[PDB]
Structures are given as C-alpha cells and as structure tokens.
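# Notes for the structure review
These are the residues of each chain, in order.
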Amino acid sequence: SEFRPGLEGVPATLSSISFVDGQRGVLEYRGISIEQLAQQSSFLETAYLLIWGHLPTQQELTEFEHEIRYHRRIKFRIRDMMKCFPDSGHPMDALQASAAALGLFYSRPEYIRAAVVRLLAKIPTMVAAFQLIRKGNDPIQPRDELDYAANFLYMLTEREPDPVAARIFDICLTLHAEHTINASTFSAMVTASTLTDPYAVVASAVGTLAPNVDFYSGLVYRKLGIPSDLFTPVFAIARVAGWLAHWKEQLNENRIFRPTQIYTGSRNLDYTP
Amino acid sequence: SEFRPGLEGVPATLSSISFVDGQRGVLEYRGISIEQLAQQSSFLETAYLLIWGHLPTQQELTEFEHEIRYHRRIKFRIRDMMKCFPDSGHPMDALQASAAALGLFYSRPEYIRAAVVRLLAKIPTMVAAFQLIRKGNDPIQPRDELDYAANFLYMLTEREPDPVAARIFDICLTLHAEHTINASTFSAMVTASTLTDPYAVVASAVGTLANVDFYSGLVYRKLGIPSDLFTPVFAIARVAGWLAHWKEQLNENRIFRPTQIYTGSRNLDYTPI
Amino acid sequence: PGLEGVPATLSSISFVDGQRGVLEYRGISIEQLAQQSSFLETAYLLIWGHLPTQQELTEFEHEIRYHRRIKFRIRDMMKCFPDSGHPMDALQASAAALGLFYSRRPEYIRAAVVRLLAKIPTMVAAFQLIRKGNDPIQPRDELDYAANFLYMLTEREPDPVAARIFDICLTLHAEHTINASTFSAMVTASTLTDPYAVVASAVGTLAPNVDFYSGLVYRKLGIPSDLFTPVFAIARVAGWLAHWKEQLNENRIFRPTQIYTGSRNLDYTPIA
Amino acid sequence: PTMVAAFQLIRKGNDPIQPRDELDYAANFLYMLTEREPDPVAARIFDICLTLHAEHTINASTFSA
C-alpha cells in the first residue's frame, strides 16, 4: 500500500497542446518556437492555432475576423442590470456575476462554433463598462473602424491611440496566452467532465484564479495609462483562449473524477443527550 | 483503510495489576483501595503485594526485610571507577551509566528472586554517592540500625533526622509507586519482549524518563534536598512498578511487529559526479 | 495479539516489495548502488537525502579523518572493567557514558553525527586488546576506513582487495525497515532527547538465506568468533541516526491503552 | 619550555608530546607546541625577537630577586 500527499507527480490526462522542457528554455504552443510566433503574428492567429488544431488560409482568417467584429456590442437589459450593483464591490465579483448571468440569456455543430465567438467578443466591453459606471458617468460605445487592442484601449480612455502602442500591447498579449497544468486549469477540467456549457466552466475558473516577468509587466503597463485595480482582470482575457482549448478535448473522454480517502478519527460512540 | 496517529486509543496488552477510573476517583493496587493501604502499611509490604501477588504473612516478612539490608554494600572496584566521572554533568546521565554498569559484575530457578533484592537494595547508595563525589568529598557508609527512608536521609545529609520525618517520607514514597501504562512502561515492555535480563530494562527505562507537584515541591524542599535532585528521587519509588511488568511479559512469548506506509520516490539513476 | 498489521508512522526512507523481489535505499535499487559507491557517500544519502557535489564529499571525508583519536580519561576508565564480562555489555556502558563528556544541549546537529560516526570502532578494538592482556594500538593516518579498522584489530595491514570486499559487505546491511530494534529507537526518541541515549537503548534490545555467506567471508578475513554481533552494530548506526532526525519534526508522543481482567473491592489485612 | 608546553596540552584532554633530538631551540619549542615542523625563516625570526628582550635594569622584579 502506498500514498501521495497533495496529489503530486501523478499523471492526470494525455495532453497535446503545449510543451516546456526547462533545461535550456523551450516553450512552444502546438510545436513552434515562441519567437517565430512573437515577431510576425497577431492575436487571432495564435488563438485559431490553439483552439482548432492547425493554421488557417486567407479566406478563413478574414471570415473569422469579420464575424468577431460584428458581435462586440452589449444589449440594453444587461446595462439595466449592471446599473444596480453597489459602487463598492470589486472587479472579480463583477466578473463572476456577469459571466454567470450571461448564460440565462442565450443557452440551450453551430453549438460549438458560436459560444466561442460570444465569449471572445463581449468580455472587454463588460470590464470597461463597469469601470466607468463605478464613477458616476456613462458607458462609452464601440467604434467600427478600429482593431482589437486599440479599440479596447479607446473604450477605456476616450482618446484614440497611435499604431505603435497598439502593436506593442498586442504582442504583450501574445506572450501570456498558455501554460500547462496548474490549479485553475485542473478546476476547469474537473467542472467540464459532467458535460456542461462554457459559461459555468469559465465562472468557476475565474472563481479560483482570484528578474521575473513581473518587473517589466508592471512598468510597461503603468505607462500606457491603465489603473492599478485593473491589473489582474487584464490577465483574464489574454488567457481565455487556453481554457477553451481544454473544454474541447476533455469533452471527448467521457470519464468522471472521484478519488477516495483514508478515514482518521474517533470511532464507535453512543448518543449522550 | 484506516490510520491512527500515536497508536492513540489502540489496545495493546492485557493486565491484572492496577485499575483506574477518573469520573469518580478510583485507583486500585490489585483490588484494595489506596486509603486503607496508605493508612497502616509500608513500602516493602506493598512491594511484596504488587510483584508477587497476595498479602504476606509475618515469617516471610521478617525474612524479606532482613535480607534487603544485609545487602546494601558494594565493592571498591565500583567506587574506584565512580571517581573517573566528570564533575559538570547532570546526575541523571550518571544514574543511567551506573545502572548499566552493574551488569558486568553480576550476570548469568531462584534467579527471579535474587534480582529483585539486588535492584531494590542498591539504588539509593549510588545516587547519594554521586551527590557527594561531584563536589569533592568522600561518600558515607551505612549503619545496621536505621530504616529505609531514615537511612537514605542520613547518608545524604550526615545528620540524623527525627522519627516523624521518617514516617512522612515513607508515605511520600508509597504514593508514587504505580499508575497505568505510560511512555516509560511502554519502553520497558517492548524491550523485555525478547527475553533479556532486568538490568538492561532498567537502563532503557531511565533513559526514556528524562495537583500533586504543587505541594510535593514544598514538602521536599523543607527536608533539605537541592533542586538538581527532584527528578532522581521520583525514580527510586518508581522502579517497584517497572519490575512488575517485566515479570508479566514472560508468560506469553510473542514479539511486537507493526508496519508503515510510504510516500517517497520510485525508480531513479545514479548520476556520475 | 502482538501488534500485527497495524500503521504506526508515515516514512520515506526505504522501500521493499517481497513477492516480486526488490529493495531500495531512497529510490535506487541496491545492485546498482553496490558497484560504484563507497560507504560515507551512502551514509550522506541516508541522512540528508541528496547525493552531494565534489567539495562536500571532500570536506566530510576530512572531518571524519580528524576525529578518530581518544582522550586519556576514557582509556583510564576502561581499565577497571572485569575480565569476565560479555562484549555487548561493554558496548552499552561505553556508548552511554560517552554522553557525560560532550553534551551541550545546525550548530548542534552536525557535530554529534561526526563523533558518533568516528569513535565506535576504536572502542570495540581497544576492549578486545585490553581484555586479552595487552594495551591498545593507536590509529594510523594514511589508510582508509576498513583498512584502518583491520590494522587496529590485527596489526598486519591487509591487501587492498580485502579492504574493498569488506567495504561492500559493510554497505550490504545499513538499512532495513520496521523491526524491534528500530521501534525501540523511535519510542525512546519521541520525547525529544539527544542521540547518545537512543543508541544506548537500541543496542540494549538487539542482544539458503544470508546465514551461510556471512559466516565464511567473515571467518577468512581473520575475525574472532565472538565479535560477530558487535561488528554488525558498526554497520547499522547509520540507519538509526536518520530516524532520530525525522521523528523530531512530528512532536507528538506515544501512549497506547490496556484492557482489564482483575478482581475488585477486597478487604484489607496486612498480616495475611 | 617543556613544562609550559606539557601543561598547555594536558589542559585540553590530550597527552604531552616528546622532544626531538635533531632540531634547535626555537624551532623545537614551536614544534612541541604545534606538532608541525617549521621552515628555517620563522625559526630565525623568533630567535632574534627573543634576543632583544633578555635584559633591562632595576625595576620591581629584579629588586625582589
């Protein structure tokens, strides 16, 4: 008989998607070094690679980009629900409440193809709307003649940025979008095995997520004009690709997780009034 | 499966020696309560009870006491070797070393009756002797007139006491002679389990060993004994218990044998230096 | 009856699986560890838990080599024993009263292990010679562990090949899991003591399979026929010391309980 | 200097060291105290540092003799 405290060194599944070696430094998403990706690529490229399993042509990329550009705007009942929160909460409580209630509204082959589109589109709008409403003012609407990183930074600032900062923010979003098994990813994989929809899974993963890279991360963020409190929620968009990757293939093996225990306490007693 | 930390609450042995009960205040030395035994009895008359198992007559009592008093003496080889001991070490380590150096001189069906008279007559001489030899003197030698406790006090302080103090000390000794199973008695049991002599048993027990105290401290300080000597005294009495349990483990011969549960590494390679 | 199949601790040091034939010392099977490893390196493994660099092996070897000599009051206390007492009695007295001299009680975790590993074989070799009629022989300063021990015991320094046979037959024994000696070491050490006492009690209770290959390989090298069990203790102290350090972070205590079958409420008269 | 060195050792548990018969005054003393044989340069230096202390005129100790 053996034992394993805190569940260490134990295999849990058979991945394919990312590899790190750590003897010289080899970090690759699906089999490509990190610098070939970080010099001449854009975010939707990386995310199509991660999710779907290959690289796209010209047609399919232009179609994905237009579709994601059509679904960027929030409805009016949802703003009418946000208006009543207290103005003393946090951003992670706002994020769990909104991501959870967005599954009341639309839920029921396209099934796998649309949910990914809405989740990729509407998150940064919600983050920015509550940033404004927390202060007395109104929400700002989205433009239709901009691109992902610059559009988000405008909705937060109401000042239109020059292309250099847009490109820099975009690749700093490229180099965070994946890593291998840790707490949050095991929690998404535990939840998603009872055959559920992506809104509960992301609700639960963002429930448990709440020199090193941190030095320069802090500085290059502080200069672009982003408040302090909004540090960590900026993470959770960069990463929302990783988690969806997993939901797709853990839905293939139809098992359920359940270990057992080693009872260690007082035995056979009797009911004393 | 199951697991208990500290064997805490697992039955280990059978017994017929003592009984305790703590919701009402009951404590029995073979079924004769503590009050009517501390009212008109002495240490030797009890000790016969615990070890052998039934109240004695008068003829045997005379024989017993006469014999445990014609053997209080020692040779010059033990005293000559006692001198080569340091003079800045605790008296407890000297107790252990001397109890384990009795074994060389005396060793190898009246064999379980000689051992008791020897290990019961020959403790006080030696603890007092080291008390004197530590700070530069010569040790006293006992006369054939005084009693057990009277003679201990005379050897320790050189000036005779009055009889009332002797009587009080004899009570103080017949209180501390037994209780239920503890750490030290557990050590003596697991070491006797494989048929070895009584001396080794007493050395390992003393090694393990290093309300009522709140007043015993006072009663001892009054009579003129230092602080360094509060613990060896509490050992003199107690031997009369360890002995008894040795005597018991000899009827069944079955040797203690538990197991473990691992949680370490498995399969590795010796990497060259 | 007799504590069978009952889980007493959680440990990590040695693993043995019977029915399929295996044995490991911290995760490395034994037949791979015998052919390219010496003794002191194996003690270092079984104590701290990680094989060492080059400089650390060097400093351990030197530190051991400087602590083999033995002051003159200890010699002068050994001369009074009698010439008719067993050798295991000499070993209990010696290892128990070596704790009167050096007891301060990781500035006090790394000296004790050094002296305990240094000054045992000297004592067993001396009392051999003193019991016989003549006085002890000092240690050299140009040999290695098993060569030095064999020269102190017999005076005629051996061939290197015999040294190496001795050294691997000294690593074959250093470890094995729960038994009566080891359980008594832990029971003693649970109350937070220092080593010179737990070793005294553990050598108190020790007093074709491999009881046919030991006999002969021992009898050829030139070893008397009574020092058979004491030489075994030289091999085993390593094992025991690991335990005193593992069981010092749990802090609990031992206390099992008993059942009763005796008569109650009798009537007192001392004169029976 | 034999007496001074013998008590320096016995004060510590060990034994006294004996003298050699193939050395000179300052180096011999320094060996009996160290058990490590010294090179001639330090021997000569110690010797002349012993030369320049061996006399002075009337003070307490000399009046007492």
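Residues numbered from 1 in each chain as written, not as in the entry; some residues may be left out. Chains lettered and ligands numbered in written order. Part of a larger assembly, values for the part shown. Heavy atoms only, no water. Residues with missing side-chain atoms left out of burial classes, pairs and counts.

- The deposited coordinates, according to the entry record, derive from cryo-EM at 3.34 Å resolution.

### Considering the overall build of chain B
- Helix and strand counts for chain B come out as 13 helices and four strands.
- Principal axes of the C-alpha set define a box for chain B whose edges measure 75 × 55 × 45 Å. (Helix = DSSP H or I, 4+ residues; strand = E, 2+ residues; numbered from the N terminus.)

### Structural notes on the arrangement of the chains
- Where the four pairs of chains in contact are concerned, the greatest contact count is recorded for chains B and C.
- Separated throughout, chain A and chain D approach each other most closely at a C-alpha pair spaced 49 Å apart.
- Contact between chain B and chain D is absent, and the minimum C-alpha spacing across the pair is 12 Å. (Contact = heavy atoms within 4.5 Å.)

### Side note on the interface of chain C and chain B
- Contacts between chain C and chain B engage 70 residues on the former and 72 residues on the latter.
- Together, the buried faces of chain C and chain B total about 7,200 Å²; carbon and sulfur atoms form 61% of this surface.
- Between chain C and chain B we count four salt bridges in total.
- Close ionic contact of C:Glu4 with B:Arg254 constitutes a salt bridge, the shortest N to O distance being 3.1 Å.
- Counting across the chain C and chain B interface gives 16 residue pairs in polar contact.
- Listing elements by their share of the side of chain C that touches chain B, those giving two or more residues are β1 (4-10), β2 (14-15), α1 (30-33), α4 (72-78), α5 (87-97), α10 (180-189), α11 (195-202) and β4 (257-258) of chain C. (Buried area = accessible area lost by both parts, 1.4 Å probe. Salt bridge = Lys/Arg side-chain N within 4 Å of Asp/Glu carboxyl O. Polar contact = N/O pair within 3.5 Å; in protein donor to acceptor, adjacent residues only side chain to side chain.)

### Points about the interface of chain B and chain A
- The interface of chain B with chain A comprises nine residues on the first partner and nine residues on the second.
- Contact between chain B and chain A buries roughly 790 Å² in total, counting both sides, with carbon and sulfur atoms accounting for 47%.
- Three residues stand out in chain B for area buried against chain A, namely B:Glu2, B:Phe3 and B:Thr263, and they jointly supply 46% of the buried area on that side.
- Joining chain B to chain A, the criterion identifies two salt bridges.
- The residue A:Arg267 makes a salt bridge to B:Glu2 at a minimum N-O spacing of 3.9 Å.
- In this assembly, chain B and chain A are joined by three residue pairs in polar contact.
- Among the residues making up the side of chain B that touches chain A, the classes are represented as four nonpolar, three polar and two charged. (Nonpolar A, V, L, I, M, F, W, Y, C, P; charged D, E, K, R; others polar.)

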